[PDB]
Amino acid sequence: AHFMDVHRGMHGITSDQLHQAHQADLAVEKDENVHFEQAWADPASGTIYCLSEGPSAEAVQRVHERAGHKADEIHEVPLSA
């Protein structure tokens, strides 16, 4: 399944910090059969969007939690255009 998750409150985040966070997810994602495909961040509002594939939102969130940053919101996105 496909998921979009959102992290809020991240104002001022740098490219280095976003890379670091994404690498932390990648380091433990395979245990849960999750793959984080893309991350996009707005340092002004402090909003990070993460697109993943995995068996469930629960699995995606367990990966994030191990990586140090559980998402504030997660939605399955079964439709795409």
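For every residue, the number given is its place in the sequence shown, counted from 1.
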{"query": "Most elevated Cα B-factor in the entry, residues 51, 27, 34, 41", "finding": "27"}
{"query": "Residue 69 by Cα B-factor - lowest, middle or highest third of the modelled chain", "finding": "highest"}
{"query": "Where the record places residue 22 (Cα B-factor, split into thirds across the chain)", "finding": "middle"}
{"query": "Third of the chain, ranked by Cα B-factor, where residue 57 sits", "finding": "middle"}
